[PDB]
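> All I have is the shape, not the residue letters:
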């Protein structure tokens, strides 16, 4: 009924043969219900919570995910580290399908989501100049290097509304104009909320395809396919990362861990 | 007697021409999303069953951001529509696309902000590909017809869709043109085009240039759009009817990017 | 007994309002077709000028930017007869020469908000107001003439990029707002306030108070650093504000007011 590490990804990242106290729980939140029941497990004495953002059978599209419930639920369990795993399209020929990316920045191009837990009467404006948690980013990168997994160490993730994929003119713009490196649909508001909940959050992006600006454009089908072929990789990465996580992130290396001290308008 | 049409026309009122269409009948259709912008007008043109649906409603009482896009596209699909010719007034972002010229865009950039973008809210998740958002089969027939009629029609273009209803700010417009490199601008394309694609229809818009956006003698006005529009409504109707006369029964799938959109879009 | 009236509207933070310079203070509550305004409106007189103060975030700043009832606020001022609307707002800077403590009277904006209500016209009357020059030039020049006479540093032009918030920009977003969109300042409340004021045919202008550089700077913008600096310059805007009000003609000059006759040409017939 407690966990310090939260894993938000796809189904199956859950490895039942390496996690000990499995347990499934349902948590009610002031925002309705999470994408699914949360799976609690133990890994080397580390209490972990798995929450597939699309639900177990991938029934919830990006624009319908109850992001507030998911992040709130994790927070209510005591989660401090959140490792978010996401399939992403690449906007540069050197970030190739199969490669991983641990972005350090994002650009929000979503349109009708709920972006914050603060709707009033308490107004807060969290700083997100460096939106991700550096502590978790470097452990993920350290682990990726030891495991020999190709992983770019920086990158700007442009989050679009979806569900449809980008138009070729849009994609040229994301790449040439906004200078984004990778593209997806679920980062925002997940990352905003995790920050406002003062969690140390980082995303591992798995490059599935070149976006549009390429040879044979992105299909929902090729994404699901390349994903499977690299799910095994992230599971290894994931577990190795969890094995190395200190009990709490270092505040000096966590931009959002004290986000609220300076974000409330008083 | 099941009411059917293979061709859908979405534009302004008027396009529909009383005694030009022969077996005209008005119908109201109920959809899982509420009601379409207006009753649909069914008619025949040389044995071609056609459905007209003015997206703003007959008296133009519905603004761009309030259009029930899902109801409109779902209604056309339920009637058996395969081809959808969308006609829209647009502002030009380049001195060579002039008021009076038409444009058949091949791309778009979506800058809208609070509309409903899809028919797929769950539990079936779908991510339709839109690299080439329009139906090439329809675009070329429209261009062929334009050429035969001698109607100036640019054969490509990036349509940037803004939320509106207010028109762009000069700084926005400089960005749409110099940065985004868009060619024409309007407010109703998205999500109409997303939805038509998800409904696996062959869809293409005819943009009627109405004004230069902000860089022009006097900036774009709603009155100016309505003015130049009428002056060219006559041209689109001719174009329109010529296009319909030439349409094959079904679009050629090899030339229709969305005609089989779902086979590959479901997760 | 006499109906509530004001020709000037001030929308900003609490604090601009002052008991010693506005004479017949009266607090009123106005109901609108959109619900209620961010707070009760404070009516007062300044040199025989009837003024209305409306703090857009509410007196205790309990309403965030994305939750403000912009339609109610604008409609309430309109119903009181307001013709000049001076909007005051804390903003971040996207250029090193626009410094904290400087003021800016923008002449352009770029809307990057995402889920707000942008217009009073949802049908059946469709209207597309022109906004090529979004602000009211008449008010802008009076503000600038007043700033110059008071010796208050005030940039006379600028593109305000409005973001959805409430979280502050990412460093990658800020580089894009600055290098790509070329915006000069950044804030969260301009749109749809400015759209609505224009559609109401009001002569509207914002005085932006630079509070901080945005992420491309010393150490990134914090909510707390905007609170600290704002206060240090609230005194400046109050002087500016009052001097501006002292000079306002009865009605703006339509030839110097892009939105004052906005509806004549915006309705679809």
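That came in fine, so what should we check first? Numbering: from 1, shown residues only, chains lettered A, B, ... in the order given.

> Pull out the buried residues from stretch A:123-142.
A:123-137, A:139-141 (16 or more other Cβ atoms under 10 Å in any protein chain shown). (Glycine included, C-beta is placed from N, CA and C.)

> next one: stretch A:25-38
Quick answer for stretch A:25-38 (16+ other Cβ under 10 Å): A:27, A:29, A:31, A:34-38.

> Mind picking the one among those that's closest to chain B?
Distance to chain B, by Cβ to the nearest Cβ, is smallest for residue A:35 among these, at 10.4 Å.

> Doesn't the closest one belong to a helix?
No: when classified by DSSP: H, G, I helix; E, B strand; the rest coil, residue A:35 is found to be coil rather than part of a helix.

> show me what contacts it?
A:51-55, A:60, A:65-66, A:69-70 (Cβ atoms under 8 Å, 6 or more residues apart in numbering or on different chains).

> between these, which has the most around it?
Top of the contacts of residue A:35 by neighbour number is residue A:70, holding 27 neighbours under the definition other Cβ atoms under 10 Å in any protein chain shown.

> burial of residue A:14, as a residue count?
18.

> which residues touch it?
Per Cβ under 8 Å, 6+ apart, neighbours of residue A:14: A:39, A:41, A:50.

> before we move on, back to that, please list the members of the buried residues of stretch A:123-142 that lie in helices.
A:134-137, A:139-141 (DSSP state H).

> excluding its backbone neighbours, what's nearest residue A:90?
Leaving aside its sequence neighbours, residue A:90 sits nearest to residue A:207 (Cβ to Cβ, 6 or more residues apart in numbering or on different chains; 4.8 Å).

> doesn't residue A:93 make contact with the one you found?
No: using Cβ atoms under 8 Å, residue A:207 is not in contact with residue A:93, being 11.4 Å away.

> which of those two has more neighbours?
Each of residue A:207 and residue A:93 has its neighbours counted (other Cβ under 10 Å); residue A:207 has more, 23 against 9.

> ok, what's across the strand from that one?
residue A:88 (DSSP bridges).

> show me the contacts for it.
Counting by Cβ under 8 Å, 6+ apart, residue A:207 has contacts A:88-90, A:95-101, A:182, A:226.

> One more: residue A:214?
Residue A:214 neighbours (Cβ under 8 Å, 6+ apart): none.

> Up against chain B, what does chain A have?
A:54, A:57-61, A:63-64, A:111-112, A:161-171, A:173, A:177, A:212, A:217-221, A:223-224 (Cβ under 8 Å from any Cβ of the partner chain).

> so of those, which ones are in strands?
Per DSSP state E, strands hold no members of the residues of chain A next to chain B.

> Check chain A for its longest helix and report it.
helix A:220-244.

> buried residues in that one?
Buried, per 16+ other Cβ under 10 Å, within helix A:220-244: A:220, A:222-224, A:226-227, A:230-231, A:233-235, A:237-242.

> Helix or strand next in line after it, which one?
helix A:259-263 (DSSP states H and E).

> Hmm, residue A:135 is touching residue A:255, no?
No: Residue A:135 is not in contact with residue A:255 according to Cβ under 8 Å; the separation is 9.6 Å.

> got a list of what the most centrally placed residue in chain A touches?
Central residue of chain A (Cα atoms, centre = their mean): residue A:84, 2.7 Å from the mean position. Listed by Cβ under 8 Å, 6+ apart, the contact partners of residue A:84 are A:8-9, A:187, A:190-191, A:194, A:201-204.

> can I get those residues in JSON lines with distance to residue A:107 and neighbour count?
Below are the contacts of residue A:84 laid out as JSON lines (distance: Cβ to Cβ, whole Å; neighbours: other Cβ atoms under 10 Å in any protein chain shown):
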{"residue": "A:8", "distance to residue A:107": "20", "neighbour count": "26"}
{"residue": "A:9", "distance to residue A:107": "22", "neighbour count": "24"}
{"residue": "A:187", "distance to residue A:107": "10", "neighbour count": "26"}
{"residue": "A:190", "distance to residue A:107": "15", "neighbour count": "24"}
{"residue": "A:191", "distance to residue A:107": "12", "neighbour count": "29"}
{"residue": "A:194", "distance to residue A:107": "17", "neighbour count": "29"}
{"residue": "A:201", "distance to residue A:107": "17", "neighbour count": "31"}
{"residue": "A:202", "distance to residue A:107": "17", "neighbour count": "26"}
{"residue": "A:203", "distance to residue A:107": "14", "neighbour count": "31"}
{"residue": "A:204", "distance to residue A:107": "19", "neighbour count": "26"}
